[PDB]
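**Q**
Residue numbers (our numbering), protein chains in the order written: chain C, 1 to 132; chain B, 133 to 862; chain D, 863 to 906; chain G, 907 to 968; chain E, 969 to 1056; chain U, 1057 to 1393.
1) Classify residue 919/G as helix, strand or coil using the three-state DSSP reduction.
2) Please name the residues in the segment 647-678 of chain B whose beta-carbon is closer than 7 Å to at least one beta-carbon of chain C, in chain order.
3) Could you give the first and the last residue of the continuous alpha helix (DSSP H) run that contains residue 1232/U?
4) Less than 8 Å separating the beta-carbons of residue 1357/U and residue 1333/U?
5) Can you tell me where the beta strand (DSSP E) holding residue 1147/U begins and where it ends?
6) To test your reading of the DSSP string, which unbroken alpha helix (DSSP H) runs of 4 or more residues are found completely within the segment 775-825 of chain B?
7) Examine chain U for any beta-carbon lying closer than 8 Å to the beta-carbon of residue 105/C, and answer yes or no.
8) Nearest to residue 66/C by CA position, among 1/C, 110/C, 25/C and 9/C, is which residue?
9) For residue 1294/U, which residues in chain G fall below 7 Å Cβ to Cβ?
10) Determine the DSSP secondary structure at residue 208/B, reduced to helix, strand or coil.
11) Roughly how many angstroms lie between the CA atoms of residue 1176/U and residue 1182/U, to the nearest whole one?
12) Can you tell me whether residue 630/B is helix, strand or coil according to DSSP?
13) What residue does the beta strand (DSSP E) around residue 1000/E start on, and which one ends it?
14) To which residues of the same chain is residue 1156/U closer than 6 Å at the C-beta, ignoring the five residues directly before and after it?
15) Pull up the distance between the alpha-carbon of residue 270/B and that of residue 827/B, whole angstroms please.
16) Can you find a CB in chain B that lies within less than 8 Å of the CB of residue 997/E?
17) Please list the residues of the segment 514-544 of chain B that have a C-beta atom closer than 7 Å to any C-beta atom in chain C, keeping them in chain order.
18) What are the residues of the segment 1117-1129 of chain U that lie near chain G, defined by any Cβ-Cβ distance shorter than 7 Å?
19) Rounded to whole angstroms, what is the Cα-Cα separation between residue 846/B and residue 323/B?
20) Considering Cα atoms alone, identify which of 447/B, 213/B, 464/B and 499/B is closest to residue 379/B.
21) Please decide whether residue 68/C counts as near chain B, where near means a Cβ-Cβ distance under 8 Å.
22) Can you give the Cα-Cα distance for residue 795/B and residue 765/B, rounded to whole angstroms?
23) Three or more C-beta pairs closer than 8 Å, one from the segment 137-157 of chain B and one from the segment 390-401 of chain B: is that the case here?
24) For a contact defined as C-beta to C-beta under 9 Å, what are the partners of residue 893/D on chain E?
25) Determine whether the beta carbon atoms of residue 1394/U and residue 1327/U lie at a separation below 8 Å.
26) Where DSSP assigns a beta bridge to residue 1017/E, which residues make up the other side?
27) Quick one: grab the DSSP three-state call for residue 910/G.
28) Starting from residue 942/G, follow its DSSP beta bridges and name the residues at the other end.
29) Hey, residue 1003/E and residue 978/E: beta-carbon distance below 8 Å or not?
30) From residue 1352/U to residue 1364/U, what distance separates their C-alpha atoms?
31) My assumption, with CB atoms under 8 Å, is that residue 1081/U sits in contact with residue 1260/U. Please give the rounded CB distance.
32) With a cut-off of 8 Å, does the C-beta of residue 5/C fall near any C-beta of chain U?
33) I'd like the ranges of any beta strand (DSSP E) spanning at least 3 consecutive residues and lying wholly in the segment 286-329 of chain B.
34) Under a three-way DSSP split, which group does residue 621/B fall into?
35) Using the three-state DSSP reduction, which class does residue 361/B fall into: helix, strand or coil?
36) Is the CB-CB distance between residue 1381/U and residue 1230/U below 8 Å?
Put into structure tokens, the structure is as follows:
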């Protein structure tokens, strides 16, 4: 994918139940695997901001639940550094449902998104109300 | 008076200016920015205020077309170019340059008088190119070649000036060969082309430079020089003094025939009516006359605008408030938006006599391919119907249980994309009965699915569905009640073919004057009494109430009707939909009170009887046919035909014109599978088939047993069926 | 198009039917393995 | 070079250091140090904390 | 001979090597090594290779022909390259 | 058995991992001469790390042109003295030292390292070397140099460090002439390296003493139930049954750190003369303040503070002429804060 300007620690590993913050009907999704991630022996799949993960909808509507979907993490509590040396951290972790190409299934994103994801996937930025 | 602000003014009166009017099209291949040079003809060339012109590829009425190197559908506009100090109205009606586009391409060409050529450098007369030259030849739409972006040959491949344009001199020669071989007579009749004589241009649409001997000379930058300038790298500065638009326009005015000339041309061949009425005369010999002789080319729309059904004013005049019929019925609607496709849209107006375009709105019930005219349209161009449905579908599955959710959106949505895909989307096991009637239809959507959304699903084999029907007049069968209190003596019999066609068209409507309908029925043939007793119709089957005396019956009609309907949904023989079957209630015997007249007693009786009736009436089955318009190369006929005939295909027309043998044969869908497959070997890899729902005919009696057998198991039904007596269990 | 002088060098050789090695047009035997049957390279 | 002020102590963020903290409602706060971040997360207020500039302002209000 | 279908080969001599630019649209030119005192002349659409050593002339021609090899596609469709029409 | 594979724990490219035999890194290779004569190496002492705000001038980078915070290592680099010229003869058995000429006057504190060579034969030694070069007995020439750490205050030592450096020249005669010019002089780091250029840094790494295989090689710990059965930080197996021996490739405890390491392509971001520009408030912790001329090396460097760091012109540099960095801000805030 296109490189991000910031250095992102892959903070969320497989099994994490993240709140889903769009209007698709998925409330909580559990990370199953990370796309484009090859691991090593004994290492759980890891994801930071800007990564696309295969997720399972654990809470939400009956249509969303039990579905294998693609999501992009837009907020992470683990601090990441911008190129100019400033460290950024969010109050929670948050993801949004997308396709393979990066288009969000939802139409509006409640909460701030990271500028890194906003630039890597421009449609997430337009869908989000504010980009931090 | 901001550009188009002036145009508007001139245009409103320009309408009745055929002399300068220039309704034309553009035909060639794709991936040659053909629809993009046409974007720049007027929108690109700022025919409106520059900010509001071609900035965001808005020119074409069908905005979505954008640019892929060729027309997408049949969008429309206008451009008032000046040539030798005169503002000619070059209504750009760029014609779709493809092959699949068919019965609609006909009228999408009738909208113009000349389709124009565009072939990028050493691309040549591609298979498609020649295909659209063939289609062009039909609608007498004279062309002019526009060899786009020769840059390839130039800068990239560097073929010396002379050579460079000699390759095109030959290409021109091939366009002449096209207009010779194909239709030899056509040639001399203006259709001839030539760079020298001026009826051929060239130039990069993406770089907007362009020339042609006339242009060449006038500008003083001969093609040789232009080569030198391109090669050098200044194609943009070249464009400046050789405006891509200009050339094209110049030719449309001068060389490219002004509408008037071949105003007739098209009609006769394209029109299937009397080309000698007021309307006919006007449309042919460039005149207005013809009581609002508009032609619904493509039923369109626009947000808070009107049903902008396109139709260049090939004859007549426009005004706001004209009760206009249609080529389907007599709707009669206020025609408020008699405007002209102008700027990057369709400038709505009123006063538009014959000459330019004539997209009328105010409607909401016609068909893409109608010919809406105030005049009582006896035989309008594509006088056609539309009553049809796919009958051989498949069972879209899911290679991965993870794509199911997605698949769900994919398929439920697809309706939007195409409503001809009646996606019978079951819900339990989910064997999604994705519409279809033939192999074409099958793959048609195949890709769509795996491209407009992309899913990991698959398909099964053709669902060989049909329409159950009978063939023999039976003898009154009594349908008793569960509680053995009531009774109904109903008889069944074949539905007359004339009647069949009648209701297949739909004219025979329930919401219709009795007296009136009655006459129609008698007309067809059904005797007076029987024809008057008709209560209801389902699908293409009629229930006749030819009884007299039974008290409290019409208060039961509901029930009995429904009973009938039910049977009509599910055959008594193959459990398949029933069509073209006439049922007639002779007698009855209902219980006095209402207690013993509930649905639970009525409905069975009716069902029972109707069904049994069918059984006894030598119930067979119908089968859809699909007219195979197959444009095999003229020469090729032996093999071409042999194929069809062998696949039990009742041969129809051979259509031998110039170098094109279009052998239709309304090939029974039964054996209408792998047409292209066979073709590639039968005709040494040379044939262009295309199919269309030929209609429901009788499945060959000989193979009935087999057919039924199959159907029975395919659905999962007992080998034998309740033979008469048993289903009629007294 | 297809150029004869390019075709002479590209498509005008024999192929061993056991190891697929190219051999001369006149060769009756594979040079790599000595197989006695060689087919012309399939140019269609 | 963006000049940033610590939300808690009111000190200028020295370039190449410091943190930005974002709440769910989009509210952004610059923190000069882990000390300021911890005191903000404890619910303590700068105006009540004496070593910060807001605490100093509150005290000098009298 | 020099033959191509769509991309015009830019063939020249830069000393003891032959530069073959735009070979099948490539942005990186091919390099063919010259052997001995072998004189290579690009006389338009053809190449003449004169020398005093048959070994050197044959190896120079072989170097050209192998540098102009299409090592990926079907040879029955893709035939671009420089081919010997006459051996030493 | 169907086995799960993993890359081997640690690198066998640095075996045996023993203590370096000296506290000074020795260069085994010298790069190609590509211009005017000059020394190919310098030597300074690591002070510590800070960070700068600079405009990204790196061509093709995504953040090029914008403000970026870059960590830098400060290396205090007093002028080195060119003590001697040594000539090397190449034969089948390799290079041998054939001649050496010491400078006539040398610093008195050199006696802490060696008994001082007298002011004896320098003219005739140089003419002997010239005769050897003319007759072809000399394969190349190197300059023996030494540092003068007495001028520093964060480095407690006054005994100089001595090391050989290559000379970069197009020909052996040019090398000899340049060495004669520079012999006995005091060379500044600007006479060896220029700002914005790439270099290779060699140093003795931080010593950690004796370390277990977990820290030394990065082997996994015992996991789950095995974590508390008595072998937690301890290798699972020393070998198979056969061969009947422990391989040298099995990760084991031993000396960790205090090895020679070379880092490649460290960019010089600033050549400074006044240490007040870089010294923070309160000084560098356990070091003090910079007083002489210094160098800023982009990124990290092997070795702790006060370790001798050898800089040499790059031997595997990829990028061409990089340019002069635009340092917009050097952080002098307290490192102890």
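All residues carry an ideal CB built from backbone N, CA and C; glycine is no exception.
**A** Taking the coordinates as given:
1) Counting from one through the fourth chain, the residue named residue 919/G turns up at place 13. Under the three-state reduction of DSSP, residue 919/G is assigned to strand.
2) For the segment 647-678 of chain B, which is checked against every Cβ of chain C, not one residue is closer than 7 Å.
3) Here residue 1232/U corresponds to residue number 176 of the sixth chain, with the count starting at 1. Counting along the chain, the unbroken alpha helix (DSSP H) around residue 1232/U starts and ends at 1228-1238.
4) On the sixth chain, position 301 is the one that residue 1357/U refers to. On the sixth chain, position 277 is the one that residue 1333/U refers to. The Cβ atoms of residue 1357/U and residue 1333/U do not sit closer than 8 Å to each other.
5) Mapped onto the sixth chain, residue 1147/U falls at position 91. It spans 1136-1147 - the beta strand (DSSP E) in which residue 1147/U sits, taken as one unbroken run.
6) For the alpha helix (DSSP H) assignment, the uninterrupted runs of no fewer than 4 residues enclosed by the segment 775-825 of chain B are, from N- to C-terminal side, 807-814.
7) The residue given as residue 105/C occupies position 105 in the first chain. So, not an interface residue.
8) By 1-based counting over the first chain, the position of residue 66/C is 66. Of the listed residues, the one whose Cα sits closest to residue 66/C is 25/C.
9) Mapped onto the sixth chain, residue 1294/U falls at position 238. Neighbourhood of residue 1294/U in chain G, by CB distance below 7 Å: empty, with the nearest CB roughly 44 Å away.
10) In the second chain, residue 208/B corresponds to position 76, counting from 1. Residue 208/B: coil per DSSP, three-state reduction.
11) One-based indexing of the sixth chain puts residue 1176/U at position 120. One-based indexing of the sixth chain puts residue 1182/U at position 126. Residue 1176/U and residue 1182/U have their alpha carbons spaced roughly 12 Å apart.
12) The sequence position of residue 630/B within the second chain is 498, counting from 1. DSSP, read as helix, strand or coil, puts residue 630/B in helix.
13) The residue you call residue 1000/E lines up with position 32 of the fifth chain. It spans 998-1001 - the beta strand (DSSP E) in which residue 1000/E sits, taken as one unbroken run.
14) As a first step, residue 1156/U is located in the sixth chain; it is residue number 100 there, counting from the start. Counting only Cβ-Cβ distances below 6 Å, and skipping sequence neighbours, we find 1140 and 1142.
15) Position 138 of the second chain, counting from 1, holds the residue named residue 270/B. Position 695 of the second chain, counting from 1, holds the residue named residue 827/B. It is roughly 26 Å from the alpha-carbon of residue 270/B to the alpha-carbon of residue 827/B.
16) Within the fifth chain, the letter at position 29 stands for residue 997/E. The C-beta of residue 997/E comes no closer than 8 Å to any C-beta of chain B.
17) Result list: 534 and 537.
18) Cβ contacts with chain G: 1123 and 1125.
19) Residue 846/B sits at position 714 when you count from the first residue of the second chain. Residue 323/B sits at position 191 when you count from the first residue of the second chain. Distance between the alpha carbons of residue 846/B and residue 323/B is about 56 Å.
20) Within the second chain, numbered from 1, the residue matching residue 379/B stands at position 247. The residue with the shortest Cα to Cα distance from residue 379/B is 213/B.
21) Position 68 of the first chain, counting from 1, holds the residue named residue 68/C. Answer yes: the Cβ-Cβ gap between residue 68/C and chain B drops below 8 Å somewhere.
22) Counting from 1 along the second chain, the entry for residue 795/B is found at position 663. Counting from 1 along the second chain, the entry for residue 765/B is found at position 633. Going from the Cα of residue 795/B to the Cα of residue 765/B covers about 10 Å.
23) With a cut-off of 8 Å on Cβ pairs, the segment 137-157 of chain B is in contact with the segment 390-401 of chain B, counting three or more such pairs.
24) Looking up residue 893/D in the third chain gives position 31. Against chain E, a Cβ distance below 9 Å from residue 893/D picks out nothing, because the smallest value is about 17 Å.
25) Residue 1394/U is absent from the model: chain U starts at 1057 and stops at 1393.
26) Stepping through the fifth chain from its first residue, residue 1017/E is reached at position 49. Beta-bridge pairing links residue 1017/E to 1008/E.
27) In the fourth chain, the residue the question calls residue 910/G occupies position 4. DSSP places residue 910/G in strand when its eight states are reduced to three.
28) Within the fourth chain, numbered from 1, the residue matching residue 942/G stands at position 36. Residue pairing of residue 942/G in beta bridges, as defined by DSSP: absent, with no partner found.
29) For the purposes of this step, residue 1003/E is identified with residue 35 of the fifth chain, where counting begins at 1. For the purposes of this step, residue 978/E is identified with residue 10 of the fifth chain, where counting begins at 1. Against a cut-off of 8 Å, the Cβ pair of residue 978/E and residue 1003/E comes out as no contact.
30) Here residue 1352/U corresponds to residue number 296 of the sixth chain, with the count starting at 1. Here residue 1364/U corresponds to residue number 308 of the sixth chain, with the count starting at 1. Straight through space, the alpha carbons of residue 1364/U and residue 1352/U are spaced by roughly 15 Å.
31) Mapped onto the sixth chain, residue 1081/U falls at position 25. Mapped onto the sixth chain, residue 1260/U falls at position 204. Right, their Cβ atoms sit about 7 Å apart.
32) Taking the first chain and counting its residues from 1, the one referred to as residue 5/C is at position 5. Chain U, which has a Cβ nearer than 8 Å to the Cβ of residue 5/C, makes this yes.
33) Scanning the segment 286-329 of chain B from its first residue to its last, no whole beta strand (DSSP E) run of 3-plus residues comes out.
34) Within the second chain, numbered from 1, the residue matching residue 621/B stands at position 489. Strand at residue 621/B.
35) Counting from one through the second chain, the residue named residue 361/B turns up at place 229. Three-state result, residue 361/B: helix.
36) In the sixth chain, counting from the first residue as 1, residue 1381/U sits at position 325. In the sixth chain, counting from the first residue as 1, residue 1230/U sits at position 174. Taking C-beta atoms as the reference points, residue 1381/U and residue 1230/U fail to come closer than 8 Å.
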